[PDB]
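Single chain ahead, by itself, as structure tokens, in the form deposited in one PDB entry.
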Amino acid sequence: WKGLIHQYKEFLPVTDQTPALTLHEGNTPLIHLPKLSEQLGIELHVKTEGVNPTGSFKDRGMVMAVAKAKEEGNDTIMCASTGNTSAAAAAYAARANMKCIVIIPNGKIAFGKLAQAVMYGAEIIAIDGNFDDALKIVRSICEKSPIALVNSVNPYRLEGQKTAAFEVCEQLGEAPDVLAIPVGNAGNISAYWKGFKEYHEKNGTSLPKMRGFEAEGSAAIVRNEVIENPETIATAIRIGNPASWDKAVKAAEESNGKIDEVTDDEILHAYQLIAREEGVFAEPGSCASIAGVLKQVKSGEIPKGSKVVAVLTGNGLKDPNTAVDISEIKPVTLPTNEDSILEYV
């Protein structure tokens, strides 16, 4: 396995002049969750994108966007980020010998992502505004500067991210009934749908129902209005004006899917559920896909017996502070005695 550009070049806008950039991204596990599957009465798998080199699915788009930006002659890339896009941008820039400038919302990106941006060598600019404010600035600057924009409005980002749908079909042996996915800036749900349509066209696989889930306090698509003050403890998807809004809606309509919302309480519960029941640790915003499966299994929007693939978009180590916060452990102190300890259990 030598990275996405090599593996899927047949589906990518790459030429012999594209730099052979890779951090061995892609090819992530599709993990069957038999306990949750039996509890829910469905066949549930998780695409664990936390295994990608910078710990999220953003690596898929970033390797494409950075390579094309280099192929186009740039020495500098820029993005706004809730943390995972900036971490991917900074790593691939470092790998590609390019400068990386990132604009992040002060106090609103997970601590692991800040460590990454710092430990990849990005020029980090923190603003008092939110992600939506940062993206507006970054797009404005890149219109007027010799700096390549690598946010998801760069179409090369979606070309890389659609490979995830290719893998899901290859790993499941068929397309799933449901692709459940978190929605922040909405590029990823759009990319998966493009991937499923291209695979349907080339290989005959069926078309999943695209089921996206915003966080309630940032569910701009669900509310059908721009959210000027989005909030959620799942700061990855704390995004109130998704730049791929229309593409996401088109993906739900064309796939007979839906973009739904889940509450923060529901997110945190799914967050603990997969770690406790299956040994799978994903960051809170990723667990919106699992909260969404729980919500729609109950309502019947996901019927029993469905083959469901939920995307866990980011590693749980991205956000140590949420895990520390909700896992209040005040361990009992016991005498050093076999009977004391065994009896307490």
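Throughout, rigid core stands for the largest set of C-alpha atoms superposing within 1.5 Å between the two forms. Position 1 is the first residue in the sequence shown; the rest follow in order. Only residues modelled in both forms are compared.
- In this entry, 253 to 261 has the higher mean Cα B-factor, the comparison being between 253 to 261 and 97 to 105.
- Higher mean CA temperature factor, per the PDB entry, when comparing 198 to 206 with 232 to 240: 198 to 206.
- The PDB entry assigns the greatest CA B-factor among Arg60, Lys47, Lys295, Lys318 to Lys295.
- When the modelled residues of the chain are ordered by their C-alpha B factor, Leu40 lands in the highest third.
- Per-chain ranking of the deposited C-alpha B factor places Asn52 in the lowest third.
- Split the chain's modelled residues into thirds by C-alpha temperature factor. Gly112 is in the lowest one.
- Per the deposited record, the Cα B-factor of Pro155 falls in the middle third when ranked against the other modelled residues of its chain.
- Sort the chain's modelled residues by C-alpha temperature factor and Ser299 lands in the highest third, per the entry.
Keep in mind that the form deposited in another entry is missing from the display, and what follows is about it.
- After superposition on the rigid core, displacement of the C-alpha of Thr333 between this form and the one not shown amounts to 2 Å or more.
- Displacement of the C-alpha atoms by 2 Å or more across three or more consecutive residues between this form and the one not shown, following core superposition, is confined to the single run 328 to 345.
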